[PDB]
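**Student:** Here it is, the structure in full.
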Amino acid sequence: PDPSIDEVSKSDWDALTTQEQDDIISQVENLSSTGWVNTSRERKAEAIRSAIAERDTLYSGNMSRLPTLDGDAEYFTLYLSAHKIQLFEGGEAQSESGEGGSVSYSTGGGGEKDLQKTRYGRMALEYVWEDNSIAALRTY
Amino acid sequence: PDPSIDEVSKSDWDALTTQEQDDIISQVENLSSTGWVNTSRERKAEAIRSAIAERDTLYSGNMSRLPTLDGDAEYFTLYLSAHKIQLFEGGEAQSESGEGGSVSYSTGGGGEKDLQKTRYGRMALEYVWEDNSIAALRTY
Amino acid sequence: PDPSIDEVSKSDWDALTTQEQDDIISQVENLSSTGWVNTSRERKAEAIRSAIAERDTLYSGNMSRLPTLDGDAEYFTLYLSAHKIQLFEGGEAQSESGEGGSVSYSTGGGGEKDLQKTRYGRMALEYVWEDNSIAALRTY
Amino acid sequence: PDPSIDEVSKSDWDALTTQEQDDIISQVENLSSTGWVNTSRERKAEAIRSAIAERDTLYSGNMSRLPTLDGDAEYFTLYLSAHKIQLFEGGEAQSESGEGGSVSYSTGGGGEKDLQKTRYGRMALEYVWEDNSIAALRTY
Amino acid sequence: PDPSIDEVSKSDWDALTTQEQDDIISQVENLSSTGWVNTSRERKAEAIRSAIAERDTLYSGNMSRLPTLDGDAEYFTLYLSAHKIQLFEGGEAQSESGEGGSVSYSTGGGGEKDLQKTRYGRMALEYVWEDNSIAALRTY
Amino acid sequence: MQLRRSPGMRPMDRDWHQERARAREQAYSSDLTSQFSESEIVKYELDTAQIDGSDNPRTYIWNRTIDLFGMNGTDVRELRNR
Amino acid sequence: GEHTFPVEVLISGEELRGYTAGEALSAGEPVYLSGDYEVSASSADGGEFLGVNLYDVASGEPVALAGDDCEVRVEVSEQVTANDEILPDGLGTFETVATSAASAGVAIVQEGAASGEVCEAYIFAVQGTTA
Amino acid sequence: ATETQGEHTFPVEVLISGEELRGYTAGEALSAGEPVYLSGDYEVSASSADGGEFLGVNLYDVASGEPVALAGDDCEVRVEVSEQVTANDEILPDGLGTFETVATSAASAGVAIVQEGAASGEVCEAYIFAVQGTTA
Amino acid sequence: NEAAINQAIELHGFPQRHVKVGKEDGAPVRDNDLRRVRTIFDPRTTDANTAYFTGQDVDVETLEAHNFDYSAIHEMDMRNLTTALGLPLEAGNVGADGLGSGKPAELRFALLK
Ligand SMILES: [K+]
Ligand SMILES: [K+]
Ligand SMILES: [K+]
Ligand SMILES: [Mg+2]
Ligand SMILES: [Mg+2]
Ligand SMILES: [Mg+2]
């Protein structure tokens, strides 16, 4: 995308043209085989705006003078966006069934905090020290 | 929205025009792929009014000099609102089955506190230090 | 409502006009998408009267010099009312089924104490230090 | 492939011709007997670009002077790509059933971390010390 | 085979004639009663090339001057190849069912790590000290 | 009658001096609300203390991310040209 | 807002100089010469930078400037990355040369930061009235 | 950068004057006298061939990831030049570990000024007066 | 060894305060968050009878003074050096059992004379 998702903050996102936003939306839609086609544009936009906000407010700053967002900020924001869209869609499907057959997925259910609860969140969680607390500070 | 949900108190919400409330309601409805269309306006207004009230009474103030609402107050109040609407709808659906077609979601035994019991609540919880008690004071 | 549910004690509730009570009942009915419309007025009035009484007797007074009702007293009393109505309806539905399909809710567990046992009770419980014993007192 | 997946960084991937990318995509598609043929070209490209970015940021650097990527960087990046494509498809299937038979795969996860959640991730994880922390450093 | 699989490195495999590769592919196909006949040549070639690379990078060197690949390096590379092919086919079958009957296998929920996930991996694992850490070293 | 907290008495209190000195030494800015409790601001009349960060030693101390020359903790108001 | 700023402006460097505040100024604010040894908050687009104010001052008070040849913590009004050149934004913050109408910066970002965060930067130049 | 004396080769001391020594992480293996630029958070790498990539010169040979001492601006340095230079020439990182003139480069401003002239491949003495970063 | 002892006393001879912040497996605390905690517990601002009030998720741990026998190391260094220079151990302000009196004293003083 012309502006990349890591280059824009919450106020910048609001200032983008529809096309600049649609480029980023289209990139987020690459992270699912279904593309979440049955979810409308406003909801995808809201998920991205919200992911940008959380990146800048929850997953920013430094930790023992290391960056908190240690991984690629582009893919972190896209995975955080995909996590949000999948939660607006009601969560991970553990199983799906109908006339076309049945499938059951290896989700395991061991996750209990927010980012642990979907595959996109579990990917995003590697970019940010797995939410570990390695901050350290000194007196002088 | 013209006034943003983080800019308004409980008294301000009561003072807003119907359009200013409807813009905020429309924003909250973006957080579900279903938009909770079968739940009436009054209930969505009550959920938002309650979320604003609960933010300002229950997730406000400081722990040490740090603010207790660390994340973006907009998305916090929206996720707290979405948690309330989903509880007014009866809770998370763990599983849904219709005309043969069936789905099961990876909700699991996520916890026992209020915010742990919904996907929106688990998201909101990350903005407020996950309800941890990092407060500290000293004598003078 | 004209008098708010936090502005009335049990004897005040008894003294209200039918319309003033109906405004408060209508506010409680917003907390469920169903409105509990198949449960009669007398039962909703009894639940509210009981919530007012139970607030003033069990969820009042100080712990240390902090009020035991930390959150908004309005929404606390409304959630406590909704909790009571949901218990008069038989408890939380964990699963529902018929001609129109099936749904299972993530409302499993719910601890052992009454407020833990429905979603409205779990919400109410956050307003009141989660029923914890933080009171301290001294000699002089 | 002419340039190999281990020879290209994120910016290099963007600089490749469509044919050089399609050769790398074709190599990744060898890692599943299904070839993920129902996923579109853009999604496979996104998964590879992400795997390259994630390798260079999360699985790079030294660890007690040992390189953190100990195994072959080619096959590591391919397994990390296949892991991502499999997560864009859902999870791993634990079970599949339909008109033509049923099967169950013993794809039970080794734990809650992302790489543990698919067979490709479990393979990739052996190339990188199984995500262990063998770093050591001295004062001078 | 004329060049044996233990005599070729990754660059040697790429330099073999198609017949020399097909002799080695044929040998790997003997490790399953099904021969994986419905999986194409290029997937089997990718599995073998990957097994050669992974042998030379993850299962090479010494521990206390003992070779880390203690068993026959031919059969280790063939089992490592068969492990990869079986994972490209989706994993172990735990259970299979259809018109021709049903069978369930003693797969029994094998442990968290890569080689533990299939029968070929469990065989390969005996050739490499079961992935144990018996290395020892001295100062002089 | 005058209590220790009564407004006419504050200048006589050893603690009122000591904690105002403490506040001057401990601030990074004149913006009290971001740094001190309502209790501290009222009890020690911190509006009237010349708080601005200029008397905090840590305003002047080098605190470099990579310190080759072992030079962190040095205070610039102790250099020869000061 | 919380206006959170437990921020030590100086990272490293000897190069602090004295001026008179021409208005009330705040720690980490970029400033320029508004009169004879008098300094005021920099406007946008690169005609106006001498250094950053270390600590809060009222109008007419003596002020310490972190000049060039010095290292500082400064708030950015946009996202920035290592090697970005930056200059005063007019809003009491810095922004990139790339965002501004100016062709050249006054400090070089050494540690990146998101919009409204504090970056770590090395000040290397001053800008005045060229017409 | 080397001086010959009989059989012997001596490394020249890079830093002639100045005290703007400052410490960074090596983003790659680097050798004494190379021009470098910021490549990540407190991380420096060898400068590319035109403008916008200079913070200082590396003072000693390092493996990747080691801490590096730079001479920054406000220093006089001994540096190898890839072309003939004269007093008053502005010079710029060359992309080859050397410097070259601004006149030769695609850029329009230097990072150091030549104080003593030198032939191609010889050691120049120069004063570092500026850094260069991403302006876009 | 004298330099080693002096340096070891500075690092190890005195207890040091270690405040740990946040719940274990809880929400992470960043450097700016620790800055506001450092302000409350700053040893320069602390005085002997300061009391602390906290939530459950703040721990005031201690690096204890890590006992080592620098006296015995000093005695060993002095015994090495004094004997190397031919002096009696007593010239170094160090003594030993059974060497203070009788034939054991008479001999070392005979050797010195
Ligand atoms: K005191
Ligand atoms: K502008
Ligand atoms: K050129
Ligand atoms: Mg190795
Ligand atoms: Mg000089
Ligand atoms: Mg968390």
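Protein chains in written order, with our numbering: chain A, 919 to 1058; chain B, 919 to 1058; chain C, 919 to 1058; chain D, 919 to 1058; chain E, 919 to 1058; chain F, 111 to 192; chain G, 13 to 143; chain H, 101 to 236; chain I, 4 to 116. Every residue gets a Cβ at the ideal spot worked out from N, C-alpha and C, and that includes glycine.
Take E1007 of chain C as the anchor and find which of C:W954, C:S944, C:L934 and C:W1047 has the nearest alpha-carbon.
**Tutor:** Per the Cα distances, C:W954.
**Student:** Check whether the Cβ of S115 of chain G lies closer than 7 Å to any heavy atom of ligand 2, and answer yes or no.
**Tutor:** No - ligand 2 has no heavy atom lying nearer than 7 Å to the Cβ of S115 of chain G.
**Student:** So does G25 of chain G have its beta carbon nearer than 7 Å to some heavy atom of ligand 8?
**Tutor:** Absence of ligand 8 from the depicted structure is noted, with ligand 1, ligand 2, ligand 3, ligand 4, ligand 5 and ligand 6 being the only ligands included.
**Student:** Does any C-beta atom of chain F lie closer than 8 Å to the C-beta of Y31 of chain G?
**Tutor:** Closer than 8 Å: no.
**Student:** Counting by C-beta, which residues lie closer than 6 Å to a heavy atom of ligand 6, in chain order?
**Tutor:** Matched residues: A:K1031, A:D1049, B:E1044, B:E1048 and I:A30.
**Student:** If we call anything under 8 Å between Cβ atoms a contact, is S127 of chain G one with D932 of chain A?
**Tutor:** No. Outside cutoff.
**Student:** Would you say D57 of chain G touches ligand 4, meaning its beta carbon is less than 7 Å from a heavy atom?
**Tutor:** Checking the Cβ of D57 of chain G against ligand 4 gives no.
**Student:** Which complete alpha helix (DSSP H) runs does the segment 929 to 986 of chain A hold, if anything under 4 residues is left out?
**Tutor:** Listed in chain order, they are 936 to 947 and 959 to 975.
**Student:** What residues in the segment 159 to 176 of chain H bring their beta carbon closer than 7 Å to a beta carbon of chain G?
**Tutor:** Within the segment 159 to 176 of chain H, the residues whose Cβ lies closer than 7 Å to some Cβ of chain G are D173 and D174, listed in chain order.
**Student:** At a Cβ threshold of 8 Å, is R959 of chain D touching chain E?
**Tutor:** Taking Cβ atoms only, chain E never reaches closer than 8 Å to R959 of chain D, which makes this a no.
**Student:** Please determine whether the Cβ atom of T204 of chain H lies at a distance below 7 Å from any heavy atom of ligand 3.
**Tutor:** At least one heavy atom of ligand 3 is nearer than 7 Å to the Cβ of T204 of chain H, so yes.
**Student:** Output needed in chain order: residues of the segment 126 to 140 of chain G with a Cβ under 7 Å from some Cβ in chain A.
**Tutor:** The residues in question are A126, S127 and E129.
**Student:** Find the nearest neighbour of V926 of chain D within the set D:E972, D:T957, D:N948 and D:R961, judged by alpha-carbon distance.
**Tutor:** It is D:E972.
**Student:** Indicate, with yes or no, if ligand 4 has a heavy atom lying under 7 Å from the CB of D974 of chain E.
**Tutor:** The answer is no for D974 of chain E.
**Student:** Give the single residue among G:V121, G:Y67 and G:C82 whose Cα lies nearest to the Cα of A76 of chain G.
**Tutor:** Per the Cα distances, G:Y67.
**Student:** Could you pull out every residue in the same chain whose Cβ sits closer than 7 Å to the Cβ of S982 of chain E, ignoring the five residues on either side in sequence?
**Tutor:** For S982 of chain E, where only same-chain residues beyond five positions count, the Cβ hits under 7 Å are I1052, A1053 and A1054.
**Student:** Within 10 angstroms of its Cβ, does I923 of chain D collect 16 or more other Cβ (buried), or is it exposed?
**Tutor:** Result: buried.
**Student:** Under a Cβ-count criterion, where at least 16 other Cβ atoms within 10 Å of its own Cβ denotes burial, should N956 of chain A be classed as buried or exposed?
**Tutor:** With fewer than 16 Cβ atoms within 10 Å of its Cβ, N956 of chain A is classed as exposed.
**Student:** By DSSP, does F71 of chain I sit in helix, in strand, or in coil?
**Tutor:** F71 of chain I: coil per DSSP, three-state reduction.
**Student:** State the start and end residues of the unbroken alpha helix (DSSP H) segment that holds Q128 of chain F.
**Tutor:** Here the alpha helix (DSSP H) through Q128 of chain F covers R124 to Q136.
**Student:** Which residues, taken in chain order from the segment 1015 to 1031 of chain A, show a beta carbon closer than 9 Å to some beta carbon of chain B?
**Tutor:** Those residues of the segment 1015 to 1031 of chain A that come within reach of chain B (Cβ to Cβ, closer than 9 Å) are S1015, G1016, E1017, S1020, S1022, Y1023, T1025, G1026, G1027, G1028, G1029, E1030 and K1031.
**Student:** Could you list the residues in the segment 33 to 44 of chain I with a C-beta less than 7 Å from some C-beta on chain F, going in chain order?
**Tutor:** Result list: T42.
**Student:** Are there any heavy atoms of ligand 4 lying less than 7 Å away from the beta-carbon of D988 of chain D, as far as the coordinates show?
**Tutor:** Yes, since a heavy atom of ligand 4 falls inside the 7 Å radius drawn around the Cβ of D988 of chain D.
**Student:** For chain G, is any of its Cβ atoms less than 8 Å away from the one on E925 of chain A?
**Tutor:** Taking Cβ atoms only, chain G reaches closer than 8 Å to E925 of chain A, which makes this a yes.
**Student:** Helix, strand or coil for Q112 of chain F per DSSP?
**Tutor:** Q112 of chain F: coil per DSSP, three-state reduction.
**Student:** On the criterion of 16 or more Cβ atoms from any shown chain inside 10 Å, does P18 of chain I qualify as buried, or is it exposed?
**Tutor:** It is exposed - the Cβ of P18 of chain I has fewer than 16 other Cβ atoms within 10 Å.
**Student:** According to DSSP, what are the bridge partners of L138 of chain H?
**Tutor:** DSSP output for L138 of chain H lists H:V144 as bridge partner(s).
**Student:** Less than 7 Å between the CB of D45 of chain I and some heavy atom of ligand 1, yes or no?
**Tutor:** The answer is no for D45 of chain I.
**Student:** How is the beta strand (DSSP E) around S24 of chain G delimited, first residue to last?
**Tutor:** Note, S24 of chain G: beta strand (DSSP E), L22 to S24.
**Student:** Give a single yes or no on whether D162 of chain F has its beta carbon closer than 7 Å to a heavy atom of ligand 1.
**Tutor:** No, the Cβ of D162 of chain F stays beyond 7 Å of every heavy atom of ligand 1.
**Student:** Would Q145 of chain F pass as a contact of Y138 of chain F if the rule is Cβ separation under 8 Å?
**Tutor:** In contact: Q145 of chain F and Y138 of chain F (Cβ atoms closer than 8 Å).
**Student:** For the beta strand (DSSP E) that contains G123 of chain H, what are its first and last residues?
**Tutor:** Note, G123 of chain H: beta strand (DSSP E), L121 to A126.
**Student:** List the endpoints of the continuous alpha helix (DSSP H) containing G156 of chain H.
**Tutor:** Counting along the chain, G156 of chain H falls outside any alpha helix (DSSP H), though it belongs to the beta strand (DSSP E) covering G156 to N158.
**Student:** Ends of the alpha helix (DSSP H) at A1000 of chain D?
**Tutor:** Segment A991 to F1006, the alpha helix (DSSP H) holding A1000 of chain D.
**Student:** From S951 of chain C to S978 of chain B, what distance separates their C-alpha atoms?
**Tutor:** Taking the straight line joining both Cα atoms gives about 29 Å.
**Student:** Go to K23 of chain I, then tell me how far its alpha helix (DSSP H) extends in each direction, as first and last residue.
**Tutor:** From DSSP, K23 of chain I is part of no alpha helix (DSSP H) but of the beta strand (DSSP E) over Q19 to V24.
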